[PDB]
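**Student:** Before I ask anything, here is the structure I am working with.
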Amino acid sequence: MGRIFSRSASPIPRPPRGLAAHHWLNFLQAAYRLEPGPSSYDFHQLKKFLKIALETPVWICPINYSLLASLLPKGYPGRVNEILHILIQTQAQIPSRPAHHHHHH
């Protein structure tokens, strides 16, 4: 209940080992898809959340955007979680497989 210091895992501007532009920048784009002119309040929950989503390197190699959309704490119905959903669609635009329809949004 209440915590904040410099020793903690402070946010890094440069692309770390468990996260690069391909992933980071990928989010900045999605956030722009939903709305053209976003706001700080949209990044206050995105950057803060991305920090926790990075703690668990599970969507690095296999890249599971859908999994990142569920990494939310709880109070994230529509604001940051949605952004992760927009990445699940764009992912279906590469020369690999048309995929199937099973998971229900």
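Letters A, B, ... mark the chains of the structure tokens in the order given; residue numbers begin at 1 per chain; ligand numbers begin at 1, in order shown.
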Considering only C-alpha atoms, return as a PyMOL selection string whatever protein or nucleic-acid residues lie within 12 Å of residue A:33, sequence-local ones (same chain, fewer than 4 positions apart) excluded.
**Tutor:** chain A and resi 26-29+37-38+82-87+89-90
**Student:** Can you write just those residues out, C-alpha atoms, as an mmCIF file, in the first residue's frame?
**Tutor:**
data_model
loop_
_atom_site.group_PDB
_atom_site.id
_atom_site.type_symbol
_atom_site.label_atom_id
_atom_site.label_comp_id
_atom_site.auth_asym_id
_atom_site.auth_seq_id
_atom_site.Cartn_x
_atom_site.Cartn_y
_atom_site.Cartn_z
ATOM 1 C CA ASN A 26 4.100 -1.218 -32.074
ATOM 2 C CA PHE A 27 2.045 0.032 -29.126
ATOM 3 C CA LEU A 28 2.465 3.730 -29.909
ATOM 4 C CA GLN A 29 0.848 2.961 -33.265
ATOM 5 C CA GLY A 37 -5.801 12.710 -31.135
ATOM 6 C CA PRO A 38 -4.957 10.908 -27.874
ATOM 7 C CA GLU A 82 -8.109 -2.231 -25.900
ATOM 8 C CA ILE A 83 -4.815 -1.011 -27.359
ATOM 9 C CA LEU A 84 -3.451 -4.536 -26.928
ATOM 10 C CA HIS A 85 -6.473 -5.898 -28.795
ATOM 11 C CA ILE A 86 -5.798 -3.697 -31.823
ATOM 12 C CA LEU A 87 -2.395 -5.367 -32.140
ATOM 13 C CA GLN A 89 -5.717 -7.800 -35.618
ATOM 14 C CA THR A 90 -2.754 -6.136 -37.327
#
**Student:** Against stretch 5-19 of chain A, which residues of stretch 38-78 of chain A fall within 10 Å? For each one I want the closest pair of atoms and the distance in Å (one decimal), counting only C-alpha atoms, rows by chain and increasing residue number, as JSON lines.
**Tutor:**
{"residue": "A:47", "atom": "CA", "partner": "A:11", "partner_atom": "CA", "distance": 8.3}
{"residue": "A:48", "atom": "CA", "partner": "A:11", "partner_atom": "CA", "distance": 8.3}
{"residue": "A:50", "atom": "CA", "partner": "A:11", "partner_atom": "CA", "distance": 9.2}
{"residue": "A:51", "atom": "CA", "partner": "A:11", "partner_atom": "CA", "distance": 6.6}
{"residue": "A:52", "atom": "CA", "partner": "A:9", "partner_atom": "CA", "distance": 9.6}
{"residue": "A:54", "atom": "CA", "partner": "A:18", "partner_atom": "CA", "distance": 7.2}
{"residue": "A:55", "atom": "CA", "partner": "A:18", "partner_atom": "CA", "distance": 9.0}
{"residue": "A:56", "atom": "CA", "partner": "A:18", "partner_atom": "CA", "distance": 9.3}
{"residue": "A:57", "atom": "CA", "partner": "A:18", "partner_atom": "CA", "distance": 6.5}
{"residue": "A:58", "atom": "CA", "partner": "A:18", "partner_atom": "CA", "distance": 9.5}
{"residue": "A:59", "atom": "CA", "partner": "A:18", "partner_atom": "CA", "distance": 9.1}
{"residue": "A:60", "atom": "CA", "partner": "A:18", "partner_atom": "CA", "distance": 6.4}
{"residue": "A:61", "atom": "CA", "partner": "A:18", "partner_atom": "CA", "distance": 9.0}
**Student:** For the residues in the current selection, export N, CA and C atoms as a JSON list (two decimals), in the first residue's frame.
**Tutor:**
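What ended up in out.json:
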[["chain", "number", "residue", "atom", "x", "y", "z"],
["A", 47, "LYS", "N", 1.99, 3.66, -20.43],
["A", 47, "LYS", "CA", 3.39, 3.56, -20.03],
["A", 47, "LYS", "C", 3.53, 2.87, -18.68],
["A", 48, "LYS", "N", 2.64, 3.21, -17.75],
["A", 48, "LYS", "CA", 2.66, 2.61, -16.42],
["A", 48, "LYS", "C", 2.35, 1.12, -16.49],
["A", 50, "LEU", "N", 2.66, -0.88, -19.34],
["A", 50, "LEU", "CA", 3.72, -1.52, -20.11],
["A", 50, "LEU", "C", 4.88, -1.93, -19.21],
["A", 51, "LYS", "N", 5.09, -1.16, -18.15],
["A", 51, "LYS", "CA", 6.17, -1.44, -17.20],
["A", 51, "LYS", "C", 5.94, -2.78, -16.50],
["A", 52, "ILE", "N", 4.70, -3.05, -16.14],
["A", 52, "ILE", "CA", 4.35, -4.29, -15.47],
["A", 52, "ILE", "C", 4.31, -5.46, -16.45],
["A", 54, "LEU", "N", 6.17, -5.85, -18.89],
["A", 54, "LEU", "CA", 7.54, -6.19, -19.23],
["A", 54, "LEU", "C", 8.16, -7.10, -18.18],
["A", 55, "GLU", "N", 7.71, -6.95, -16.93],
["A", 55, "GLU", "CA", 8.22, -7.75, -15.83],
["A", 55, "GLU", "C", 8.16, -9.24, -16.17],
["A", 56, "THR", "N", 7.11, -9.63, -16.89],
["A", 56, "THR", "CA", 6.92, -11.02, -17.28],
["A", 56, "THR", "C", 7.19, -11.21, -18.77],
["A", 57, "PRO", "N", 8.44, -11.56, -19.11],
["A", 57, "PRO", "CA", 8.85, -11.79, -20.50],
["A", 57, "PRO", "C", 8.23, -13.05, -21.09],
["A", 58, "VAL", "N", 6.93, -12.99, -21.37],
["A", 58, "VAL", "CA", 6.22, -14.13, -21.93],
["A", 58, "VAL", "C", 5.76, -13.84, -23.36],
["A", 59, "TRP", "N", 5.68, -12.56, -23.69],
["A", 59, "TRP", "CA", 5.26, -12.14, -25.03],
["A", 59, "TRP", "C", 6.42, -11.53, -25.80],
["A", 60, "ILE", "N", 7.62, -12.03, -25.55],
["A", 60, "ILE", "CA", 8.81, -11.53, -26.23],
["A", 60, "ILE", "C", 9.15, -12.39, -27.45],
["A", 61, "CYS", "N", 9.49, -13.64, -27.20],
["A", 61, "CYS", "CA", 9.84, -14.57, -28.28],
["A", 61, "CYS", "C", 8.60, -14.95, -29.08]]
**Student:** Give the answer as one residue: which of A:80, A:31, A:69, A:20 has the shortest atom-to-atom distance to residue A:45, using only C-alpha atoms?
**Tutor:**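 Closest candidate: A:80.
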**Student:** When DSSP is applied to the backbone of this structure, which of stretch 44-75 of chain A are assigned helix (DSSP H, G or I)? Write them out as a VMD selection string.
**Tutor:** chain A and resid 44 46 to 55 65 to 68
